[PDB]
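The structure appears below as structure tokens.
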Amino acid sequence: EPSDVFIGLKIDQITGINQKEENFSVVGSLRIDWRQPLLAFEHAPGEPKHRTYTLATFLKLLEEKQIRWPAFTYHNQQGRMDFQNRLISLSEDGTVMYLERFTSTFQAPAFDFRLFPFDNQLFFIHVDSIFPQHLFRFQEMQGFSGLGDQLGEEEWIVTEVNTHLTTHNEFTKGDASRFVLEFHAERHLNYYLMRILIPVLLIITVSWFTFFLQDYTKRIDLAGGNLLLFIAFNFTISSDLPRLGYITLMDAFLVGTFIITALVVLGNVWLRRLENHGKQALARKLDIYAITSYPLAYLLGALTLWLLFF
Amino acid sequence: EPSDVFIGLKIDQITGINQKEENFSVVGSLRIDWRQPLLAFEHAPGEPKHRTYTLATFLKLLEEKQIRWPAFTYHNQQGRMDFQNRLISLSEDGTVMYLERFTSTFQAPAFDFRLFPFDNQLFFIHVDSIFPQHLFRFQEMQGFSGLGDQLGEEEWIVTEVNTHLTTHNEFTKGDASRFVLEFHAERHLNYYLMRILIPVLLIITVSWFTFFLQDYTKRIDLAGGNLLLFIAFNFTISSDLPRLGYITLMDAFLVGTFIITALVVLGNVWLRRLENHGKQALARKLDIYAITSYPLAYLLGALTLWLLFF
Amino acid sequence: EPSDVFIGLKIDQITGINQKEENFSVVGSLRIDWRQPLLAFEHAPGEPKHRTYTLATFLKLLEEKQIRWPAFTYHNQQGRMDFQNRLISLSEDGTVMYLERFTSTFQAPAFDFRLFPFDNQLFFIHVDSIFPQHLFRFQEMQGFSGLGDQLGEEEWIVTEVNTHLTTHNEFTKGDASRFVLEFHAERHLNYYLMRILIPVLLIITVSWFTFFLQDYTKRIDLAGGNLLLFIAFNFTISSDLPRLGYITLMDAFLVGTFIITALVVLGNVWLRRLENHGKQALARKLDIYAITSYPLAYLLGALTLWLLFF
Amino acid sequence: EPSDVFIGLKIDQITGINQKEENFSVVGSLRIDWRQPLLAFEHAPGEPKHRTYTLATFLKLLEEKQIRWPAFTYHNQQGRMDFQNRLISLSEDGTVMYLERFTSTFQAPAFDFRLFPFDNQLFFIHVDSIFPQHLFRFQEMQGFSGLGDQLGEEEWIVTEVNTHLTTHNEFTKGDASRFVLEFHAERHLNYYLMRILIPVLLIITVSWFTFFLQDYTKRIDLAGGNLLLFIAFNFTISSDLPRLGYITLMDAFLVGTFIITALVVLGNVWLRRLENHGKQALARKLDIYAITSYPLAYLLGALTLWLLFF
Amino acid sequence: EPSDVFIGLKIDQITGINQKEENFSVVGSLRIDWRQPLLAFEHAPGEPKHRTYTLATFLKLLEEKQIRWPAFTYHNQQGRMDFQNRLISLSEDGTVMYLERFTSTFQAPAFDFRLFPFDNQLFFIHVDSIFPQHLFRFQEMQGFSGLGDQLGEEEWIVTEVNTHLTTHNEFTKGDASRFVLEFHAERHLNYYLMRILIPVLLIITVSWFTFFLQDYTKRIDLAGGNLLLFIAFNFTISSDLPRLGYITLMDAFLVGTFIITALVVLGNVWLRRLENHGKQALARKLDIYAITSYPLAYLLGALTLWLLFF
Ligand SMILES: CCCCCCCCCCCCO[C@@H]1O[C@H](CO)[C@@H](O[C@H]2O[C@H](CO)[C@@H](O)[C@H](O)[C@H]2O)[C@H](O)[C@H]1O
Ligand SMILES: CCCCCCCCCCCCO[C@@H]1O[C@H](CO)[C@@H](O[C@H]2O[C@H](CO)[C@@H](O)[C@H](O)[C@H]2O)[C@H](O)[C@H]1O
Ligand SMILES: CCCCCCCCCCCCO[C@@H]1O[C@H](CO)[C@@H](O[C@H]2O[C@H](CO)[C@@H](O)[C@H](O)[C@H]2O)[C@H](O)[C@H]1O
Ligand SMILES: CCCCCCCCCCCCO[C@@H]1O[C@H](CO)[C@@H](O[C@H]2O[C@H](CO)[C@@H](O)[C@H](O)[C@H]2O)[C@H](O)[C@H]1O
Ligand SMILES: CCCCCCCCCCCCO[C@@H]1O[C@H](CO)[C@@H](O[C@H]2O[C@H](CO)[C@@H](O)[C@H](O)[C@H]2O)[C@H](O)[C@H]1O
């Protein structure tokens, strides 16, 4: 009969969420309870009823007794797992308690930035049993798994935390146990309001206000400058994401700013040649519509982006 | 009866304080005195009264004698702890002296940047007993714990250092000991006066002085440039912080600069159209108030920020 | 007779493709099946028919029995291979199953950026037998090798995956086995359309539209600014590549932008001196051709680049 | 009687001096000669008169014989010491020769940037005896300690190298030996002349030359631009230092550039309003003093900075 | 009699050349053949004629037999050497074959940037015998040492590869063997033509062409902008080098650009005041020489730089 391996994973810190590399790093602890009756002992007269081991001594003991351990792997770990404690407690009836405290980075392949920065992302850690389920069957350790009270993450807010058990077939024909700890996180938007939204809005609006001069050349100069600045914003914002194969909401907004600025310049050149070839009064009359249409474009385009993505 | 484990933590260096990642790194040393009578020995004729061990040999000896060690964990450590010395001295009556010298990064989850750069932050290191308090009870080693004389930190100044003992329930139903070494630090403000405050003040004041030209178009051009520069300052300053979900005092000051610059531009456009449609004398009379109100806004807004945050 | 070593390499993650350093990093797993009859055992009465080892214990056992293992090396690995599991399963007839799970960076010396960003690159991992082929002959493990379902790579798309066996002579006069896992990848072009192509097109076209002012000095000013911006784009784009000894398609396009902008400026200076020394009407007539030739240059040059590289 | 431990530290490379983190990294080698008569042996017939050990085997031998080793610590090491060789040679009379070759970073808490870039800094490595001086007394190994011939450091020049012995009380009530290797270094100034001094001088002087136009508005525009550029220089230069709590000479020079530029702008606005309200001839007469006082300010301020700091 | 240690070093990859840190990183392999007759064995009946060891087991065997190994050190290694394989093959007559495959960074203290980017640099790896030459004498392993076919380096081209044997006295009074593998490399210049040379040439020439306007103020404005851009190029280019104590050819060229631009501005101010105080015709006549002398300065200065450095 397969042996039961109870698994608990506890995330104590989120040291970082790297959206460009699409990974996240955590400090967490793994707890395993596994009753192996072959490990049963009897303490000596007035002798310890629980035996404490390093991971190394325990594995050497298991090899000497020819006992297979429930070997596992963090399936989506990437890089070096920095271990703090790898401790074993062995009770008299053969129950092995294992504590593994670590820091490690994990892949986040469910990142979808289409709604960025209004996106809710899925983060998980997979713990895979290497041996098949007719040898070991992972269970859920009760009252341990989850997320901690001081995760130390400022941009992200955890919205849902979940655990469950599934299967994998990485190395065996038969099914092998997989423990999953997953959580969902959304962003705090204050950073994007302050550093991205409000600057762009101020530039656009300050341009509109300066449009009341009635000097078409000034409009063209200012609009060219605004386009340059918007392209600087494009490069800055794109730096923080991966080189995605699809368009983000932020990309749509920035392309809108590019296009609206260019159309502003074009309309101003038409007005300036209208005033150049004698049509100054027609130029001013149409300047009325230029003013009364600069912000209609931005409102309408914002509604269009909302309709598309949401 | 529970065994007493005396704990001392000494911080010798602050190698860095990373406010963006909200962590800090230290070079420090841990001292543990723990009397285990089972470890008592007798030296041979004219033989050493104290035995020196590596951590590895000592733990193998403890496992061979089936003695549980007071296993501990740096609860808020993140990443790899680089150990320098892990030494053991065992006296004849069984007193274990342990020296652990290390470099490690630690989480700083109490960072609150609301008053930045006038903030005083709390930094701590937690040392957790893995086993419950009916087995081991942490005490305070006397005359060892604290902070050193050459911390090597230039921006921060330590204001208070403290130690105490509390409990945790990370891995056991029963309470387990927790040793805390905490200190409070504030910033030196010279960097912010020289690189942030004085440049912004110079830009604002040089703009005001140039406002005495009486050429409204020059005001608009200069103000647009000033707004661009202030947004560059926004991006630079925000780069050094995390993507906070709340507004910092620095954010409030930068938003004030944005808004005041935009209002300057708007007032200048109104003046320029007043001079455009025949009201040159009214334009100049109101230019008087424009000048006499440019700095009132900045003083009043600075007082408003002080009132809000302090 | 040489011993057969069956090899399987599975790539589970592409943690990154570094085109500047010309390397790529993966999380993957290596599987080796190797029948060594000298390792045959018999389980005790009702005793395990498969023995589980750490890599270290197994190698010590092999050394004690004076059995040569099929030593191998990742020929194009660079840096530190971070191992997760190094596990051994030994069956009763002497079949060794080895599992090696790792993270490592690998050289990508086949990077050819001539068509960048329309390039398809070759990535491979070489696994080399250190000992010659009269001792060990690598075979292909069936149903294991390849690439996974969640590679986590956003810019690149895998187009072909392949495995095969070849030889090398790194350390022996005789041939030694080499296992190769290779795959081809191309880029998603969305990043380059949004962040590179469309901004450059907008700048060029907005310049052309502003050319309808009929103010030659404005043309010269705007063109100088455009040249400056294009050189900023040159530096940015080149930052992401290595310091290649040959010209990339992107380099050709940027040099074209430089030259076309300079020719624009030159033509405008000629027009401005034509209008300066009395030939205003001739200046305007030729301005017709200036306008009707600004975009012909860009279309013709784009066709020329396509002809050259493709 | 305390045992003599002769110490030699040799610095072979300076891999880097990090003035922002206030540390420096070296490749060096440590030599220890320590006569322990308990380690005396006799070679077998025609057998080696010197025994070669790894550090690990030697420490296991010492533990088996219950011999305390002279445990030491690099007191100002920070981070991971990457060891190359840790070798032991044991002669027949019990003299242990130890070779430790390493790479490591070390704290530089004596950095004082007040005169930067004309500063001479103190760099040291402390080697601390953990055990008190009634057990071990550090001596100086003769003809080994110092700095090498190829340090590989380009910006810094070593001016003085010194060794000596002192005491510490880190872990014991009694005094413990401390070996110090210190050296003083100054900078090559060519980098600062070429990249900092000459650009600033060129900007200032080119501004002065352009002041001979007699167009006050051009002066104001150019001066505003110069102030912006000087603030860019401020941010760049400050990036390379820590966030110091005191003013550097470079900070004083940059603040001088800010202030002189602002005063230039102010004087030009006064001249422009003098010419505006009818006083063109008075404006020109005072423009004479404006010109004849622009460089007096810079010379006088440079002398003032020299007087203050030197 | 001293024992012969045959040495072969093979460089398979150049993972990077870091000219700012003046180091280079390689993936390479070390081969050592060393006949120690004390290691001679006899295989059992039908038993392996060659014994395979890990480095650790072999060193423990050597210590047990009290055999001194030829201990060596990579003299100019800096940082951590990441080992891939450390394998031993021991033949029946006692010949030890050692394979060491590694990744490591090495100091490049022969970097001389005076002719940069037309410089040919010397790169070497030193392998030092720790023990003196009356114990071990390094020889050259034949047919192994050198550089590989896929070095993976794009900017540099290897021009000469060499090996030889010399001596050192690092740790012993007597001479100890030193094996040297050195190679010379030069740069591909395409990067510097495309990203540095051609942009600067375009800026200079586009300025000259715009000089045919005959509007001195435009010349001054454009020249000031060009000086600013050249100083940006100075900072960018200097970022990639160390903070050298001497002047590079690139530094000379950039200082030339600064000075020529400033002289352009000065001449234009003189022309503008000549036209201001009534001498418009003299101003134009001398403008002829201004034009006919702008490029003479650049050609003459380029010849001067060539004469100085070459
Ligand atoms: C006065 C009381 C004294 C009694 C004993 C005190 C505490 C006992 C010490 C237990 C620590 C185990 O000792 C050592 O710890 C570190 C991390 O902590 C482990 O970790 C080390 O190797 C593992 C290998 O994966 C790495 O993850 C890790 O980066 C590295 O530092 C070591 O492999 C272990 O050998
Ligand atoms: C002439 C006198 C000679 C007498 C002996 C001299 C000194 C004795 C040497 C004691 C050092 C112990 O030897 C070695 O030291 C380093 C750090 O120092 C330890 O540290 C190493 O493993 C631990 C694992 O967590 C890591 O933290 C560390 O990054 C790594 O370098 C080694 O695990 C230890 O095996
Ligand atoms: C309740 C059940 C408990 C039963 C036992 C549970 C699991 C058994 C633990 C097996 C892990 C092996 O133990 C340890 O693991 C880490 C990685 O995982 C290895 O890895 C360590 O050394 C290798 C050396 O190349 C490095 O690649 C790696 O960076 C480092 O962390 C250690 O060398 C190994 O000693
Ligand atoms: C044909 C002749 C062959 C004869 C033998 C040849 C040479 C003998 C090899 C001696 C090297 C010792 O073997 C190994 O070396 C590396 C560095 O070199 C050491 O270093 C390793 O652990 C220490 C721990 O602090 C770290 O500093 C280091 O980053 C890590 O790589 C290993 O701990 C040691 O086990
Ligand atoms: C089915 C066949 C199975 C038969 C056996 C298969 C192969 C045998 C495995 C040999 C590898 C040796 O095992 C392990 O490898 C890694 C690198 O590879 C070594 O390297 C490790 O320690 C050294 C110390 O300097 C470091 O350089 C290195 O960064 C670290 O990963 C380990 O010290 C060694 O213990």
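Cβ: placed from backbone, ideal geometry, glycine included. Neighbour counts: every protein chain shown. All of this is worked out from the model, or read from it or from the source named; nothing here is a laboratory result.
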Are any residues in the range B:140-188 in a loop (DSSP other than H, G, I, E, B), more than 27 Å from A:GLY146 (Cα to Cα) and more than 21 Å from the chain's Cα centre (by Cα), and if so, which ones? B:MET141, B:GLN142, B:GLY143, B:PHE144
So D:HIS75 fits all but one of (1) within 30 Å of E:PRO132 (Cβ to Cβ); (2) surrounded by 20 or more Cβ atoms within 10 Å (Cβ to Cβ); what number is the exception? (1)
Could you tell me which numbered condition A:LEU193 fails, if it satisfies all but one of (1) away from ligand 2 (no atom under 16 Å from the Cβ); (2) in the same structural domain as A:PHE58 (by CATH)? (2)
Breaking point among (1) at negative phi; (2) assigned to a strand (DSSP E or B); (3) more than 16 Å from ligand 3 (Cβ to nearest atom); (4) not aliphatic (A, V, I, L, M), for E:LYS20: (2)
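Only one of D:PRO117, D:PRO132 is touching a helix residue (DSSP H, G or I) at 6+ places or on another chain (Cβ under 6 Å), assigned to a loop (DSSP other than H, G, I, E, B) and not charged (D, E, K, R). Can you tell me which?
So the residue among D:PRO117, D:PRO132 that is touching a helix residue (DSSP H, G or I) at 6+ places or on another chain (Cβ under 6 Å), assigned to a loop (DSSP other than H, G, I, E, B) and not charged (D, E, K, R) is D:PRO117.
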Return the residue satisfying two criteria in turn: it lies in the range D:200-212 and is within 8 Å of another protein chain (Cβ to nearest Cβ) and touching a residue at least 12 places away in the same chain (Cβ under 8 Å), and of such residues it is surrounded by the fewest Cβ atoms within 10 Å (Cβ to Cβ). D:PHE212
Among B:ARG68, B:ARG31, which is part of a loop (DSSP other than H, G, I, E, B) and either within 16 Å of ligand 4 (Cβ to nearest atom) or over 18 Å from D:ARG80 (Cβ atoms) (or both)? B:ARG68
Scanning the range D:71-105 residue by residue, those over 25 Å from E:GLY79 (Cβ atoms) and either in a loop (DSSP other than H, G, I, E, B) or not hydroxyl-bearing (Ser, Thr, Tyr) (or both) turn out to be D:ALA71, D:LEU90, D:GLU92, D:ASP93, D:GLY94, D:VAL96, D:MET97
Report yes if some residue within the range B:105-123 is without any contact (Cβ under 8 Å) to a residue 60 or more places away in the chain, within 14 Å of chain D (Cβ to nearest Cβ) and within 24 Å of D:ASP128 (Cβ to Cβ); otherwise report no. no
Being closer than 25 Å to E:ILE198 by Cβ and in contact with a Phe, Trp or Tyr (Cβ under 6 Å, 6 or more places away or on another chain) is the filter here, so list the residues in the range C:181-218 that pass it. C:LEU202, C:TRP208
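A quick yes/no check of all residues on (1) away from ligand 2 (no atom under 16 Å from the Cβ); (2) of a type in the set (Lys, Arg); (3) closer than 25 Å to E:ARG178 by Cα; (4) touching an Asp or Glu at 6+ places or on another chain (Cβ under 9 Å):
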| position | (1), (2), (3), (4) |
| --- | --- |
| E:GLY46 | yes, no, no, no |
| E:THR52 | yes, no, no, yes |
| E:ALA56 | no, no, yes, no |
| E:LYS60 | no, yes, no, no |
| E:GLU63 | no, no, yes, no |
| E:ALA71 | no, no, yes, no |
| E:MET81 | no, no, yes, yes |
| E:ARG86 | yes, yes, yes, yes |
Listed residues E:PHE41, E:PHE24; which is farther than 30 Å from C:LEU244 by Cβ and away from ligand 4 (no atom under 11 Å from the Cβ)? E:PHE41
Residue check: is E:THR95 within 16 Å of ligand 5 (Cβ to nearest atom) and in the same structural domain as E:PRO37 (by CATH)? no
Inspect the range C:287-294 for any residue being of a type in the set (D, E, K, R) and more than 35 Å from the chain's Cα centre (by Cα) and give the result as yes or no. yes
Quick check: anything in the range C:158-167 surrounded by fewer than 20 Cβ atoms within 10 Å (Cβ to Cβ) and either of a type in the set (D, E, K, R) or out of contact with any strand residue (DSSP E or B) (no Cβ under 8 Å at 6 or more places or on another chain) (or both)? yes
Those residues of the range A:42-64 that are touching a residue at least 24 places away in the same chain (Cβ under 8 Å), facing another protein chain (nearest Cβ under 10 Å) and more than 19 Å from B:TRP69 (Cα to Cα) come to a total of 0
Per the filter on the range B:45-65, residues in a helix (DSSP H, G or I) and not aromatic (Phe, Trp, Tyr) are B:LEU55, B:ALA56, B:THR57, B:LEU59, B:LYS60, B:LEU61, B:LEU62, B:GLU63, B:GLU64
Only one of these is among the hydrophobic types (A, V, I, L, M, F, W, C), more than 27 Å from the chain's Cα centre (by Cα) and away from ligand 3 (no atom under 16 Å from the Cβ): B:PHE106, B:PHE72, B:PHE58. Name it. B:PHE58
In the range B:56-86, the residues that are more than 10 Å from ligand 1 (Cβ to nearest atom) and among the hydrophobic types (A, V, I, L, M, F, W, C): B:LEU61
